[PDB]
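The file structure-v1.pdb comes next; it holds PDB, N, CA and C atoms.
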ATOM      1  N   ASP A   1      10.814  -9.521 -18.151  1.00  0.00           N
ATOM      2  CA  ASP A   1       9.880  -8.807 -17.264  1.00  0.00           C
ATOM      3  C   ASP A   1      10.504  -7.497 -16.762  1.00  0.00           C
ATOM      4  N   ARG A   2      11.112  -7.523 -15.564  1.00  0.00           N
ATOM      5  CA  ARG A   2      11.604  -6.354 -14.841  1.00  0.00           C
ATOM      6  C   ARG A   2      10.502  -5.296 -14.681  1.00  0.00           C
ATOM      7  N   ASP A   3       9.301  -5.733 -14.276  1.00  0.00           N
ATOM      8  CA  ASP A   3       8.155  -4.883 -13.960  1.00  0.00           C
ATOM      9  C   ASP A   3       8.550  -3.819 -12.927  1.00  0.00           C
ATOM     10  N   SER A   4       9.250  -4.288 -11.882  1.00  0.00           N
ATOM     11  CA  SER A   4       9.902  -3.538 -10.820  1.00  0.00           C
ATOM     12  C   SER A   4      10.827  -2.409 -11.310  1.00  0.00           C
ATOM     13  N   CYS A   5      11.239  -2.397 -12.586  1.00  0.00           N
ATOM     14  CA  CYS A   5      12.100  -1.364 -13.165  1.00  0.00           C
ATOM     15  C   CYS A   5      11.509  -0.776 -14.457  1.00  0.00           C
ATOM     16  N   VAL A   6      10.191  -0.918 -14.679  1.00  0.00           N
ATOM     17  CA  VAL A   6       9.479  -0.395 -15.839  1.00  0.00           C
ATOM     18  C   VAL A   6       8.233   0.351 -15.355  1.00  0.00           C
ATOM     19  N   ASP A   7       7.237  -0.366 -14.815  1.00  0.00           N
ATOM     20  CA  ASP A   7       5.974   0.218 -14.366  1.00  0.00           C
ATOM     21  C   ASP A   7       5.957   0.383 -12.849  1.00  0.00           C
ATOM     22  N   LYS A   8       6.281  -0.689 -12.112  1.00  0.00           N
ATOM     23  CA  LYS A   8       6.344  -0.698 -10.653  1.00  0.00           C
ATOM     24  C   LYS A   8       7.719  -0.183 -10.202  1.00  0.00           C
ATOM     25  N   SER A   9       8.141   0.955 -10.766  1.00  0.00           N
ATOM     26  CA  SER A   9       9.493   1.494 -10.688  1.00  0.00           C
ATOM     27  C   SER A   9       9.591   2.727  -9.764  1.00  0.00           C
ATOM     28  N   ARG A  10       8.599   2.906  -8.872  1.00  0.00           N
ATOM     29  CA  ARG A  10       8.634   3.683  -7.631  1.00  0.00           C
ATOM     30  C   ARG A  10       9.080   5.157  -7.781  1.00  0.00           C
ATOM     31  N   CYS A  11       8.801   5.803  -8.926  1.00  0.00           N
ATOM     32  CA  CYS A  11       9.279   7.148  -9.299  1.00  0.00           C
ATOM     33  C   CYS A  11       8.186   8.220  -9.151  1.00  0.00           C
ATOM     34  N   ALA A  12       8.526   9.465  -9.530  1.00  0.00           N
ATOM     35  CA  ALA A  12       7.692  10.658  -9.376  1.00  0.00           C
ATOM     36  C   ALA A  12       7.195  11.234 -10.716  1.00  0.00           C
ATOM     37  N   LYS A  13       6.295  12.236 -10.622  1.00  0.00           N
ATOM     38  CA  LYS A  13       5.761  13.088 -11.694  1.00  0.00           C
ATOM     39  C   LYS A  13       6.782  13.370 -12.802  1.00  0.00           C
ATOM     40  N   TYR A  14       7.984  13.777 -12.390  1.00  0.00           N
ATOM     41  CA  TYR A  14       9.182  13.868 -13.203  1.00  0.00           C
ATOM     42  C   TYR A  14      10.399  13.872 -12.277  1.00  0.00           C
ATOM     43  N   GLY A  15      11.524  13.346 -12.770  1.00  0.00           N
ATOM     44  CA  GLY A  15      12.748  13.274 -11.998  1.00  0.00           C
ATOM     45  C   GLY A  15      13.703  12.187 -12.482  1.00  0.00           C
ATOM     46  N   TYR A  16      14.439  11.659 -11.505  1.00  0.00           N
ATOM     47  CA  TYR A  16      15.430  10.615 -11.604  1.00  0.00           C
ATOM     48  C   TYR A  16      15.363   9.776 -10.324  1.00  0.00           C
ATOM     49  N   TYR A  17      15.938   8.569 -10.384  1.00  0.00           N
ATOM     50  CA  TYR A  17      15.780   7.554  -9.360  1.00  0.00           C
ATOM     51  C   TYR A  17      16.837   6.476  -9.596  1.00  0.00           C
ATOM     52  N   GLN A  18      17.797   6.376  -8.669  1.00  0.00           N
ATOM     53  CA  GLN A  18      18.976   5.523  -8.779  1.00  0.00           C
ATOM     54  C   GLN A  18      18.643   4.025  -8.899  1.00  0.00           C
ATOM     55  N   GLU A  19      17.525   3.570  -8.311  1.00  0.00           N
ATOM     56  CA  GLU A  19      17.086   2.180  -8.357  1.00  0.00           C
ATOM     57  C   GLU A  19      16.875   1.724  -9.808  1.00  0.00           C
ATOM     58  N   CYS A  20      15.875   2.301 -10.498  1.00  0.00           N
ATOM     59  CA  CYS A  20      15.552   1.979 -11.888  1.00  0.00           C
ATOM     60  C   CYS A  20      16.744   2.223 -12.816  1.00  0.00           C
ATOM     61  N   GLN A  21      17.482   3.321 -12.601  1.00  0.00           N
ATOM     62  CA  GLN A  21      18.743   3.652 -13.253  1.00  0.00           C
ATOM     63  C   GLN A  21      19.667   2.431 -13.284  1.00  0.00           C
ATOM     64  N   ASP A  22      20.081   1.941 -12.107  1.00  0.00           N
ATOM     65  CA  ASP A  22      21.073   0.880 -11.981  1.00  0.00           C
ATOM     66  C   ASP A  22      20.539  -0.464 -12.498  1.00  0.00           C
ATOM     67  N   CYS A  23      19.258  -0.757 -12.230  1.00  0.00           N
ATOM     68  CA  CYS A  23      18.527  -1.887 -12.796  1.00  0.00           C
ATOM     69  C   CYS A  23      18.618  -1.888 -14.328  1.00  0.00           C
ATOM     70  N   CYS A  24      18.395  -0.717 -14.938  1.00  0.00           N
ATOM     71  CA  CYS A  24      18.383  -0.501 -16.376  1.00  0.00           C
ATOM     72  C   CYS A  24      19.774  -0.602 -17.018  1.00  0.00           C
ATOM     73  N   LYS A  25      20.860  -0.259 -16.300  1.00  0.00           N
ATOM     74  CA  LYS A  25      22.219  -0.609 -16.730  1.00  0.00           C
ATOM     75  C   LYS A  25      22.338  -2.122 -16.960  1.00  0.00           C
ATOM     76  N   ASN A  26      21.890  -2.911 -15.968  1.00  0.00           N
ATOM     77  CA  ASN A  26      21.974  -4.366 -15.949  1.00  0.00           C
ATOM     78  C   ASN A  26      21.116  -4.974 -17.064  1.00  0.00           C
ATOM     79  N   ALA A  27      19.862  -4.507 -17.180  1.00  0.00           N
ATOM     80  CA  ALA A  27      18.938  -4.823 -18.264  1.00  0.00           C
ATOM     81  C   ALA A  27      19.572  -4.590 -19.643  1.00  0.00           C
ATOM     82  N   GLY A  28      20.458  -3.587 -19.742  1.00  0.00           N
ATOM     83  CA  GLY A  28      21.160  -3.199 -20.954  1.00  0.00           C
ATOM     84  C   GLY A  28      20.411  -2.137 -21.766  1.00  0.00           C
ATOM     85  N   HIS A  29      19.337  -1.544 -21.215  1.00  0.00           N
ATOM     86  CA  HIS A  29      18.639  -0.398 -21.786  1.00  0.00           C
ATOM     87  C   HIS A  29      19.640   0.744 -22.004  1.00  0.00           C
ATOM     88  N   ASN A  30      20.139   1.289 -20.886  1.00  0.00           N
ATOM     89  CA  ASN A  30      21.170   2.310 -20.732  1.00  0.00           C
ATOM     90  C   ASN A  30      21.093   2.787 -19.278  1.00  0.00           C
ATOM     91  N   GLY A  31      19.955   3.402 -18.944  1.00  0.00           N
ATOM     92  CA  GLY A  31      19.642   3.969 -17.650  1.00  0.00           C
ATOM     93  C   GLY A  31      18.190   4.440 -17.638  1.00  0.00           C
ATOM     94  N   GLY A  32      17.803   5.126 -16.558  1.00  0.00           N
ATOM     95  CA  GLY A  32      16.424   5.493 -16.280  1.00  0.00           C
ATOM     96  C   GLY A  32      16.233   6.996 -16.085  1.00  0.00           C
ATOM     97  N   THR A  33      14.966   7.411 -16.213  1.00  0.00           N
ATOM     98  CA  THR A  33      14.445   8.749 -15.953  1.00  0.00           C
ATOM     99  C   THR A  33      12.967   8.616 -15.540  1.00  0.00           C
ATOM    100  N   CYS A  34      12.516   9.451 -14.586  1.00  0.00           N
ATOM    101  CA  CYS A  34      11.124   9.510 -14.133  1.00  0.00           C
ATOM    102  C   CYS A  34      10.290  10.461 -15.010  1.00  0.00           C
ATOM    103  N   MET A  35       9.069  10.012 -15.348  1.00  0.00           N
ATOM    104  CA  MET A  35       7.961  10.694 -16.028  1.00  0.00           C
ATOM    105  C   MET A  35       6.963   9.627 -16.534  1.00  0.00           C
ATOM    106  N   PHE A  36       5.626   9.814 -16.486  1.00  0.00           N
ATOM    107  CA  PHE A  36       4.836  10.904 -15.904  1.00  0.00           C
ATOM    108  C   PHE A  36       4.320  10.602 -14.477  1.00  0.00           C
ATOM    109  N   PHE A  37       4.557   9.395 -13.928  1.00  0.00           N
ATOM    110  CA  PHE A  37       4.609   9.092 -12.486  1.00  0.00           C
ATOM    111  C   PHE A  37       5.238   7.704 -12.233  1.00  0.00           C
ATOM    112  N   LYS A  38       6.235   7.354 -13.057  1.00  0.00           N
ATOM    113  CA  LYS A  38       6.934   6.075 -13.139  1.00  0.00           C
ATOM    114  C   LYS A  38       8.340   6.330 -13.689  1.00  0.00           C
ATOM    115  N   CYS A  39       9.270   5.388 -13.474  1.00  0.00           N
ATOM    116  CA  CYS A  39      10.582   5.403 -14.107  1.00  0.00           C
ATOM    117  C   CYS A  39      10.535   4.570 -15.381  1.00  0.00           C
ATOM    118  N   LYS A  40      10.934   5.172 -16.502  1.00  0.00           N
ATOM    119  CA  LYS A  40      11.093   4.507 -17.786  1.00  0.00           C
ATOM    120  C   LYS A  40      12.554   4.612 -18.230  1.00  0.00           C
ATOM    121  N   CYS A  41      12.977   3.652 -19.061  1.00  0.00           N
ATOM    122  CA  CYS A  41      14.350   3.492 -19.524  1.00  0.00           C
ATOM    123  C   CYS A  41      14.389   3.347 -21.047  1.00  0.00           C
ATOM    124  N   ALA A  42      15.611   3.237 -21.587  1.00  0.00           N
ATOM    125  CA  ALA A  42      15.899   3.141 -23.011  1.00  0.00           C
ATOM    126  C   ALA A  42      15.611   1.723 -23.528  1.00  0.00           C
TER     127      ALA A  42
END
Go ahead and express the file in the form of structure tokens.
Amino acid sequence: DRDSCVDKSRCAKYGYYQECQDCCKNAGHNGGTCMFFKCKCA
């Protein structure tokens, strides 16, 4: 799942966000980036 770090990932139009970032390290994606109003990861 990790909905909280994919769709419900509390981000902006574009940017970065340490929450989804650090979550995504743990997930093993790599890290996160904001766009187009959510945080997505690798």
Need the neighbours of (16.8, -3.8, -26.6): which residues are at most 8 Å away, counting only C-alpha atoms, as a tab-separated table (two decimals) with N, CA and C atoms, in the coordinates of the input?
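Output file result_30.tsv follows:
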chain	number	residue	atom	x	y	z
A	28	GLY	N	20.46	-3.59	-19.74
A	28	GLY	CA	21.16	-3.20	-20.95
A	28	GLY	C	20.41	-2.14	-21.77
A	29	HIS	N	19.34	-1.54	-21.22
A	29	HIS	CA	18.64	-0.40	-21.79
A	29	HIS	C	19.64	0.74	-22.00
A	42	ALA	N	15.61	3.24	-21.59
A	42	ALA	CA	15.90	3.14	-23.01
A	42	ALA	C	15.61	1.72	-23.53
For residue 39 in chain A, please output as a PDB file with N, CA and C atoms, in the frame of the given file all residues within 6 Å (counting all atoms listed in the file; exclusion window: fewer than 6 positions along the same chain).
ATOM      1  N   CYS A   5      11.239  -2.397 -12.586  1.00  0.00           N
ATOM      2  CA  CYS A   5      12.100  -1.364 -13.165  1.00  0.00           C
ATOM      3  C   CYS A   5      11.509  -0.776 -14.457  1.00  0.00           C
ATOM      4  N   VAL A   6      10.191  -0.918 -14.679  1.00  0.00           N
ATOM      5  CA  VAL A   6       9.479  -0.395 -15.839  1.00  0.00           C
ATOM      6  C   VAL A   6       8.233   0.351 -15.355  1.00  0.00           C
ATOM      7  N   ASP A   7       7.237  -0.366 -14.815  1.00  0.00           N
ATOM      8  CA  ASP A   7       5.974   0.218 -14.366  1.00  0.00           C
ATOM      9  C   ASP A   7       5.957   0.383 -12.849  1.00  0.00           C
ATOM     10  N   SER A   9       8.141   0.955 -10.766  1.00  0.00           N
ATOM     11  CA  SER A   9       9.493   1.494 -10.688  1.00  0.00           C
ATOM     12  C   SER A   9       9.591   2.727  -9.764  1.00  0.00           C
ATOM     13  N   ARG A  10       8.599   2.906  -8.872  1.00  0.00           N
ATOM     14  CA  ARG A  10       8.634   3.683  -7.631  1.00  0.00           C
ATOM     15  C   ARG A  10       9.080   5.157  -7.781  1.00  0.00           C
ATOM     16  N   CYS A  11       8.801   5.803  -8.926  1.00  0.00           N
ATOM     17  CA  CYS A  11       9.279   7.148  -9.299  1.00  0.00           C
ATOM     18  C   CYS A  11       8.186   8.220  -9.151  1.00  0.00           C
ATOM     19  N   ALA A  12       8.526   9.465  -9.530  1.00  0.00           N
ATOM     20  CA  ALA A  12       7.692  10.658  -9.376  1.00  0.00           C
ATOM     21  C   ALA A  12       7.195  11.234 -10.716  1.00  0.00           C
ATOM     22  N   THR A  33      14.966   7.411 -16.213  1.00  0.00           N
ATOM     23  CA  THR A  33      14.445   8.749 -15.953  1.00  0.00           C
ATOM     24  C   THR A  33      12.967   8.616 -15.540  1.00  0.00           C
TER      25      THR A  33
END
Name the residues of chain A that come out as strand (DSSP E or B) in a backbone DSSP run; write them as a ChimeraX atom specification.
-> /A:14-15,32-35,39-41
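Atom pair CA of residue 16 in chain A / CA of residue 32 in chain A has a distance of 7.0 Å (rounded to one decimal).
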Please evaluate the PyMOL selection byres (((chain A and resi 37 and name CA) around 7) and name CA) against the structure above and give the resulting residues as a PyMOL selection string.
-> chain A and resi 11-14+34-36+38
For residue 21 in chain A: contacts at 7 Å, all atoms listed in the file, fewer than 2 positions along chain excluded, given as a list in words = residues 17, 18, 19, 23, 24, 25, 26, 30, 31, 32 and 33 of chain A
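For chain A, backbone-based DSSP labels the following residues as helix (DSSP H, G or I): residues 3, 4, 5, 18, 19, 20, 21, 22, 23, 24, 25, 26 and 27 of chain A.
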Please enclose the listed atoms of range 16-35 of chain A in an axis-aligned box, pad each side by 3 Å, and write out the centre and the three edge lengths in Å, rounded to one decimal, as AutoDock Vina command-line options.
--center_x 14.7 --center_y 3.3 --center_z -15.2 --size_x 21.4 --size_y 22.6 --size_z 19.7
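Going from atom C of residue 27 in chain A over to atom C of residue 15 in chain A, you cover 19.2 Å.
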